[PDB]
Structure formats: C-alpha cells, structure tokens
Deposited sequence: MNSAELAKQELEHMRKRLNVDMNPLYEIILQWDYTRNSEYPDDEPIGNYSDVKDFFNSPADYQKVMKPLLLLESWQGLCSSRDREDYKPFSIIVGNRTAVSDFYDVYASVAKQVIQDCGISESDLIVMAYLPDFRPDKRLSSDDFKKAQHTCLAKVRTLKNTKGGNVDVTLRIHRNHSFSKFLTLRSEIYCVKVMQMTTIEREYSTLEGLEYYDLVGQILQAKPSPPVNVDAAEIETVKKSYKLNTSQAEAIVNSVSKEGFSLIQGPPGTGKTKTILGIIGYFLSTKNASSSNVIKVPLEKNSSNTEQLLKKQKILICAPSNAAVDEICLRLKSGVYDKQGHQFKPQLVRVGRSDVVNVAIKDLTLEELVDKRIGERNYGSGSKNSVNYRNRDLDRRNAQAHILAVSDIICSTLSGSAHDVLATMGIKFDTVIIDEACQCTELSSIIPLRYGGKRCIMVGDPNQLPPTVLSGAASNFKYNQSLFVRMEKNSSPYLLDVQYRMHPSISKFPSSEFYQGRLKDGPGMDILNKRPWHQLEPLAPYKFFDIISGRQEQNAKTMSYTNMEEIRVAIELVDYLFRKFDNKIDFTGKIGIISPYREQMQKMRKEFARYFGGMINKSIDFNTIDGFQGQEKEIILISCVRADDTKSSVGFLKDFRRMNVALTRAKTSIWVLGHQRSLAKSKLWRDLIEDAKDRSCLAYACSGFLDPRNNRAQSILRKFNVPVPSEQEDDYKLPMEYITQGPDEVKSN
C-alpha cells in the first residue's frame, strides 16, 4: 500500500538506544586481568555462523563478540597506551535510568592535553594516599583497589578557562561513595567509544534494515539478464576490460547485494569509478515544478586511506554511458588522517568554510550559518564518500536522505557489522568490491577471532555465491603472475598488455636475478640462517652489479611467514650492510606486508594441519606471491616445504618452467670452492 513504515524503520535504525550498551560496559572492571570481560561460561560464546535464522539469532552470537573486542580495546589501551591521567572536582549528581550523571569541573588545558572528548570512556580511581611528588600513570589505575568506568556525556566550556563535565556511571557501582561533593577524583582515558557505538547501533537495529534477509542468509541477489550491447557500450565508454564492464552493468542493474572480486591489481577501485559514473548518469536519465531530493550514491571503505584514494581519483571527473565526462558534486564526510590539500578541499568542513566566507569573523549567527551551509552542501551533493564507520555520522543521519545504493571498496578488510553500517539509510543495493584471498582484517581479541569475528560479510557471502571476477591484472611481470593464476584462479587470471615490457629490469639479464625464481637451499625451528645468508648474497650481487646505475631506494622488500625469522633477517642485513640499506629494504612478515608492494621481493619460507590452517596458508601464499612487480626470489628448503600441497605445487611448477635454482652460502662466488663443490654435485 503506502509504506510510511519506511519512515518508521528509518527512525528505528537511526535512533538505537545506547543505554543497554553502557549498562554492560559501565559495570566492567578496568583492573581485570583476563582475555574476557567477565566470568560468564565460555559456552555463552559461539562461532559466527554461515547462516543465521533471525535477527535475534544474529544478535545472540554477535553481541558477545562485539563486546569481547571492545573489552580487548580497553585492555590494550590500559596495558600499552600510556594515556595521561588528570583529576576532577566532583559536583552534584542526578539519577537517570540505571545511571548516575555526575557533574564535575576540569581545566580546559587539561581536557586538551589529555585529549578528552564527548566520545570517550574514562576510568576513575580513589587514590587518597597519592602525593604530587610522584608521576601518575594508568598503571596506578590498573593496580588500584577502587576504580569505576565512566562515560563522558557532555563537555561545556565555561568562563574561566574551565569545562563543565557530565560523567555517566552505573547506579550499582560502589564507587559512588567516593563521589562526595568537592572531592578530587583521579581519571584517565580508556578509549573512544564512537566506533563501538556505531557497530552496536547497527547490530541492534538490524531487524529493520531493508537487506536484513540477504545479510542473515549471506545470500546476494540472483543475477538478472542484461543486454550484451549495454556491456559493450560501457566497455568502450569507460575504457574497461570485459570483466569490469560486466561487473558494473550486472551489479547496477539488480537490487540487493552484489560481490565483485578483484585480485591484486585488477581494477577494483577503477571499477568503482565506473559504477559511480554509470549509476549517476543512468539515474539522471530516469503542471507546476515539483521539488525532489537529488539522487546520491554513498561510497565507503574501511580506512581513511582507501576513502581518500577514491576521492583523489574522482577529482578527474566521472563519465556517462556515452563516455562524456561530467563533474558531479563530491563531499568527503569526516576529516582524513593525512594532510592533503586535494582531499581537504573536498571535506564537508572546508566546503562549509568556503560557502560562508568571512561573514562571521554573532556566535549564534556563526553556528546557524554553518548549519545552513552544511544542509545546502549535502542537499546538492551527488556523491558522499566516508569510511564505513563515518557513514553513521550525525551529518548524514540528519540529511533526510535515503541512500538506496551503497558501494564498498576494500570490502574484505572490515568486520561484518562495519560493512552494514552505511545500509541504515534505506540501502536496497549494496555493491561490495574486495579481494577475499588475503588475510582477514586484524582484530585485537584473539579469542574473538577464534570465533570468526575477523570475517568480512563479503567472505561469508562468498561461501554461497560466485562473485563477479575481475580477471586481468596490471601490476606483475608474467613470470610472477603465472603460478598465482594457475594455482588460485584456474589459470583464468590474465595479464594486461605489456606486463613484460613494463616490468623488464636490467638485472633480469644476470642469472639468477630473474623475474621469477625458487632457490632450493641445499643445507622444528622458525628461523633458518642459511636462507638469510642466501638473501644477503643475492642483494649484495644485485647492488654490486647495478647500484651505480639504479637507485634501489624503496625497491626491495623481504618477507617471511614467521616474525622470529624476520627479526633475525633484519639483524643480519643490518650487520652486513650497515645503515646504507635502511631506505632500500623493508622487512616484515607476510601478514604485516599485506598492504605493501615492491619492485623486488625476497621470501624466506623457512618451513611448512586443519581446514582453518589450510585457509590461513592459502591466504598467506596469495599475499606473499603478489607483493612483487618485477622480481620475486623465493628462498626455501624443498624437503622442509613439500609436505604442503601449495608449496609442493609451487616448487614442481618452478621446476617445470626451469625457474628453480640450487643455492647455498657462497653459490654466487666462482672462487668459493666449498660452495661450487656443493652445487656441482647436484
């Protein structure tokens, strides 16, 4: 009929009560030494299921895991973050629901120096025997008998450079006996609560989300049928390959979820730029004038860096279905992490500054002018970019706009609740673009990740549906892409034209500095010195032969599965080469290197159980083998690796392709008889 319940469900999704969240957290014990926030039985926790039966089912599983990760956030800040303590003078209190709101005062300089805002959780402690003689730290709070968590509710600047604070605590907490009028109470920040609150909102409002069924069942919509001519038109107009054009036309033509799988270097972000232009132009091509809200598209990614990349790439405009550029109005919601004038000029705050000028350089007017400008800028916008978390910001929630279409880049690098946040504005189409063949996003709680909390929604949906695959890679030399294609993509991942020309390098003319080589080191620990020695000797040969012609600054990375090996690798490289290699070689584990790439990569394999185990090894090998563009030198002991199918496949593939070399310390030295004798007899 007439579904005014859309407005009612919108209202529910945007006004979830946070009090139940703080009913839990404000009864936690900051001093608790545990992986878990309380002593409830471990069986209250369970794995993220592949398939959920209802919103209540989802909430039963997911809420403990969200709170577990939040607990670990408290512990990590307590045990590492060295937040700076301060003190307050207590005033009156007011009972509200299951809470006390406690009023206090503190100097503005202290609020600034200690970085306190209305988003923060703090901890209070009673430390009557403290003397200013000593420096106070969060260790003093961790060891204190009497502590109490408090949520900063309100901060109001007063006349004398002071601030009126409202702190919220739990009614039940015995610490209120210390909060007598005019008492001095010591405090330290625990953590910012914004990210948690937004995820909790999504979790608890889930039943009202338009796409709740597809979420619970992790079931994207079925493909519809699309015109071949339309795909050809998009291919030509957007300068895309076939797989990219198919992914755009199919995913925009249907409602609900679509998954676009992009291996390394296959144009995930480029395809999103095509989605934006194609969506906006086909939507713009659908007795007094009616007033309509302007269609928008909401574009998100997990991190500030990924959002800024999209923003930067949109500044060259987007294109309509006929290939003509147009310049839609773009707003970046949320300040970025980095400083970039290109990104700054797109942020809502700067667009407001430019819209209102120096008129208010009187405070009533300044705030009003800013709010009117904000409303105008958002109303006339075509594209809103934000992080997933930032999509929940007040500035979007107060626009009165349905974002029926949401696009998510880097969609495998977020927890599930995070990917759902932007769907709260009536999301009926969600196109998620990601690479599932990488390590899952890092979470602080190992216990939570053992329950699969570290799994994206994309990955859960991939179990039930085949994504649109982007099948041409534009980064790696063909000798480097060959085995990843055959081993992980059925040989169907192609190279862009001229990958051999683009990635040809001068050292490729000197064996064994080839584009692709497995070095079988002829020689239950997690380190191997002989692999380090061979890595050093390869890089030394490279440098001796080429560093009077080529600047190796930023060109090399050395990775391994194991941190023990990389500690030893860095130590030996530092001893042998001294400070001269700092700017040339980055050292990390495979896991730590996931978002990085280099012209030259050396892998120290060291050595090679379950399905969870095989999955982590599959992801690590996908990552390791795609980090290099021009040269990848894989160092290992064949017998110590061949118990893994992945490594045995890699080694036998390399033999088949004549890309296996025998190595040992001294093998590049013709005068080293001891080494040439080891080699010769082989």
(request) Where the model has no C-alpha, note the corresponding stretch of the deposited sequence, numbering from 1. (result) 1 to 4, 291 to 304, 380 to 387, 550 to 558, 644 to 646, 721 to 749
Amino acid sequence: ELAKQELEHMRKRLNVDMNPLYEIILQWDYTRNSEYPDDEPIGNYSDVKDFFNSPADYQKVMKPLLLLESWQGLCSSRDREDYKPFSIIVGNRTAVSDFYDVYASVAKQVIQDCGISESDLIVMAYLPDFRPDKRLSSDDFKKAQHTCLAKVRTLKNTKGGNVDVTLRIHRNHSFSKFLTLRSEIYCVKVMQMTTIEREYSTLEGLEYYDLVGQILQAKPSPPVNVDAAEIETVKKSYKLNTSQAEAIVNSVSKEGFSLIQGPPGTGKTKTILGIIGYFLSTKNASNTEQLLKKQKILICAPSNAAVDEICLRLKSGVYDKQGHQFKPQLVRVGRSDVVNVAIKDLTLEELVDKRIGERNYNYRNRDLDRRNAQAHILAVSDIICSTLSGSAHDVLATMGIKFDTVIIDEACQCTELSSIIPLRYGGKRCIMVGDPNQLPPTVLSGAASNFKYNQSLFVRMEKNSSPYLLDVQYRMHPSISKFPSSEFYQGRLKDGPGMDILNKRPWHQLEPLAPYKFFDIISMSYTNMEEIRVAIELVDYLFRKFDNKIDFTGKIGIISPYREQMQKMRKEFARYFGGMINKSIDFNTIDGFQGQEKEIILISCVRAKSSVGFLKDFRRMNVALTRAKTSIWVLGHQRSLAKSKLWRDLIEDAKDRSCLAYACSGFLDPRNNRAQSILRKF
From here on, numbers count along this sequence of modelled residues.
(request) Report the stretch with the higher mean CA temperature factor, choosing between 397 to 405 and 88 to 96 on the basis of the entry. (result) 88 to 96
(request) Pick between 497 to 505 and 329 to 337: the one whose mean CA B-factor in the entry is higher. (result) 329 to 337
(request) Please pick out which of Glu184, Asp591, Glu199, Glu309 has the largest Cα B-factor as recorded in the entry. (result) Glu184
(message) Quiz for you: based on the deposited Cα B-factor, which of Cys430, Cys300, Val163, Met124 is highest?
(response) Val163
(message) Per the entry's values, where does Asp382 land by CA temperature factor relative to the rest of its chain, in the lowest, middle or highest third?
(response) lowest
(request) Classify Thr180 as lowest, middle or highest third according to the C-alpha B-factor given in the PDB entry, relative to its own chain. (result) highest
(message) Where does the C-alpha B-factor of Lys643 rank in its chain, lowest, middle or highest third?
(response) highest
(message) What third of the chain does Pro37 rank in for C-alpha temperature factor, lowest, middle or highest?
(response) lowest
(request) Pull the Cα B-factor of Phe52 out of the PDB entry and bin it into the chain's lowest, middle or highest third. (result) middle
